[PDB]
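1. Below you'll find the sequence and an experimental structure to go with it.
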Amino acid sequence: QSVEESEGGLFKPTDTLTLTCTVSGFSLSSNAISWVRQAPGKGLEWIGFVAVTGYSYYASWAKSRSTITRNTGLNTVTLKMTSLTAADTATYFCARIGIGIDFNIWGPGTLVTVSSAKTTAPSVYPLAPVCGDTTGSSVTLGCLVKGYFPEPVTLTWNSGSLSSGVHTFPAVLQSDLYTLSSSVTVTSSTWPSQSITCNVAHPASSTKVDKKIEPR
Amino acid sequence: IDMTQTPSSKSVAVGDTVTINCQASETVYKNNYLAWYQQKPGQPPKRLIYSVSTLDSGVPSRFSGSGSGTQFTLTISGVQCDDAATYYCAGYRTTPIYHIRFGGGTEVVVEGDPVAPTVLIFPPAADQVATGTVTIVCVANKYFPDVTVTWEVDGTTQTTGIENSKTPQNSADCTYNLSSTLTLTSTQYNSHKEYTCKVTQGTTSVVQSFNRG
Amino acid sequence: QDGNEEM
């Protein structure tokens, strides 16, 4: 059994948020589905749920703007929230929350950003070691993903065939733009003999960048 | 209802016992509709305990829950690096209207073996400078406890244009990794020679530099 | 939590 939130993304203030939760492998008609949100770096906030009866109940702060509906035939539960503001920026989860019952399942979440700022594709730069450097038993290379909006980006190395020794750091927000870096560490004899490329994708702008890391 | 979780954060050593308290402003449903969730960054919360004390499937036995009505406790007996996370209580109340309420969370930092960082610095890619700004990257790898990063340009400490990003704790050894960026105009970058990242852990500092050109 | 309990 699983649940999955539909795509969130970037919304302007005063827009309406509409998310779908699609249920698999269990019966929606007899399972209550909640919507829970989490602002970046903050705590979990229950928005409301549709009961096993098909009727919905809401946190008092959410009642005036929020509608939760279920469609048992389509196995969906829909969250509509009107009158968005920056305060509604969050990851939104749907879940069958098991507080006093055995069944509990949570979706992966989807990021909702509410901002007047514009979608911006990232600039991607290689991070190679210092010019001429031959110091160490291993070498760390990097990929700098600068100036994008909204989150997220995806970053792989060698199309995913380089997955060991990777650290992707959390993005930092400044002036409505994000910057992220990722590093990969390999042995001194691996690079630059072997080709190493970072693959960045920014879904919101339908852009991708491939950057092979070359010695300076 | 209100759900008041205490403490909001705690640092604990491997093997210690952690105690987290949750106080509801009214009784939860049937006095035992209270669950505990564990959340690591970028993941949905994972249920550990439900109905006050029932362990979820596969949850280690070092997690136990107790309480009733309005007062509840999560205990982690023998905390491990894999337990570094934020913990939430979650309660259900039917009156006057059905609702679920989460506590504010408890961030648990786990103290593993101390390890000093290794430091790498990355000069800007050659194609950055034409954009009018450059970003220099410093990485502090595999360390515990926390570090501070200082940037120096031609021997003078920088205070502006610096952003830091720290990874979650390693689930095996509790260590962090950190990325620090220094951002300058292209004119500033091309007007100075020595770029230095200094990573300080207590009373040890580890420094890596490079010269432009 | 089913949203139908006799409270």
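-> Alright, I've got the coordinates. Residues are numbered from 1 along each chain as shown, chains lettered A, B, ... in the order given.
2. Tell me who's in contact with the nearest residue to residue B:179 once chain neighbours are set aside.
-> Leaving aside its chain neighbours, residue B:179 sits nearest to residue A:169 (4.3 Å; criterion: CB to CB, 6 or more residues apart in numbering or on different chains). All C-beta atoms are positioned from the backbone trio N, CA, C, and that covers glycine. Residue A:169 makes contacts with A:180-182, B:165-167, B:177-179, as judged by CB atoms under 8 Å, 6 or more residues apart in numbering or on different chains.
3. now swap in residue A:63 and tell me
-> Contacts here follow CB under 8 Å, 6+ apart; on that basis residue A:63 touches residue A:48.
4. for residue A:30, same thing?
-> Residues counted as contacts of residue A:30 (CB under 8 Å, 6+ apart) are residue A:52.
5. pretty sure residue B:34 is touching residue B:54, no?
-> No - Residue B:34 is not in contact with residue B:54 according to CB atoms under 8 Å; the separation is 10.6 Å.
6. Check the gap between the residue of chain A found nearest chain C and residue A:36 for me.
-> Of all residues in chain A, residue A:51 sits closest to chain C, at 2.5 Å by CB to the nearest CB. Applying CB to CB, to the nearest Å, the value for residue A:51 to residue A:36 is 16 Å.
7. got it, and residue A:89?
-> Distance of residue A:89 to residue A:36, given as CB to CB: 15 Å.
8. okay, the two: which has more neighbours?
-> Between residue A:89 and residue A:36, counted using other CB atoms under 10 Å in any protein chain shown, the more crowded position is residue A:36 (25 against 19).
9. Show me how chain B divides into domains.
-> Structurally, chain B divides into domains by automatic domain parsing as follows: B:3-111, B:118-211.
10. do the same with chain A
-> As assigned by automatic domain parsing, chain A contains the domains A:2-114, A:123-212.
11. Give me the distance between the first one and the centre of its chain.
-> From the chain centre to the centre of domain A:2-114 is a distance of 16 Å (CA atoms, centre = their mean, to the nearest Å).
12. now the shortest one
-> Averaging C-alpha coordinates over domain A:123-212 and over its chain gives two centres that are 18 Å apart (CA atoms, centre = their mean).
13. host element of residue B:188?
-> helix B:186-189 (DSSP states H and E).
14. which outside residues touch that helix?
-> With contacts defined as CB under 8 Å, 6+ apart, helix B:186-189 is touched by B:124, B:128-134, B:136, B:212.
15. Please repeat the previous calculation with a cut-off of 7 Å.
-> Applying CB atoms under 7 Å, 6 or more residues apart in numbering or on different chains, the external contacts of helix B:186-189 come out as B:124, B:129, B:132-134, B:212.
16. Between those residues, which sits nearest residue B:115?
-> Using CB to CB, residue B:124 comes nearest to residue B:115 of the contacts of helix B:186-189, at 29.2 Å.
17. Checking my notes, the closest one in a strand, right?
-> No - according to DSSP: H, G, I helix; E, B strand; the rest coil, residue B:124 belongs to no strand; its state is coil.
18. nearest to residue A:160, of the domains of chain B?
-> Nearest to residue A:160, of all those, is domain B:3-111, at 18.2 Å by CB to CB.
19. what about the closest one, start to end distance?
-> The straight-line separation of the ends of domain B:3-111 (CA to CA, to the nearest Å) is 28 Å.
20. and it, anywhere near chain A?
-> Yes - Domain B:3-111 is in contact with chain A by CB under 7 Å from any CB of the partner chain, via B:29-30, B:32-35, B:44-45, B:47, B:50-51, B:88, B:90-92, B:97-102, B:104-105.
21. out of the residues you listed, which are buried?
-> Among these, the ones that count as buried by 16 or more other CB atoms under 10 Å in any protein chain shown are B:29, B:32-35, B:44-45, B:47, B:50-51, B:88, B:90-92, B:98-102, B:104-105.
22. Near chain B, which residues of chain A are found?
-> In this structure, chain A approaches chain B at residues A:34, A:43-46, A:51, A:57, A:59, A:93, A:97-100, A:104, A:106-109, A:125-127, A:130, A:140, A:142, A:144, A:146, A:167, A:169-170, A:172, A:174, A:179, A:181, A:183, judged by CB under 7 Å from any CB.
23. Just the buried ones from the residues you listed?
-> A:34, A:43-46, A:51, A:57, A:59, A:93, A:97-100, A:104, A:106-107, A:109, A:125-127, A:130, A:140, A:142, A:144, A:146, A:167, A:169-170, A:179, A:181, A:183.
24. Can you get me the start-to-end distance on stretch A:117-126?
-> Terminal residues of stretch A:117-126 are spaced 27 Å apart (CA to CA).
25. how about it: buried residues?
-> Buried residues in stretch A:117-126, counted by 16+ other CB under 10 Å: A:119-126.
26. Can you give the contact residues for it?
-> Counting by CB under 7 Å, 6+ apart, A:10, A:143-150, A:153, A:176-177, A:200, A:202, A:204-205, A:207, A:209, A:211, A:213-214, B:125, B:127-128 sit against stretch A:117-126.
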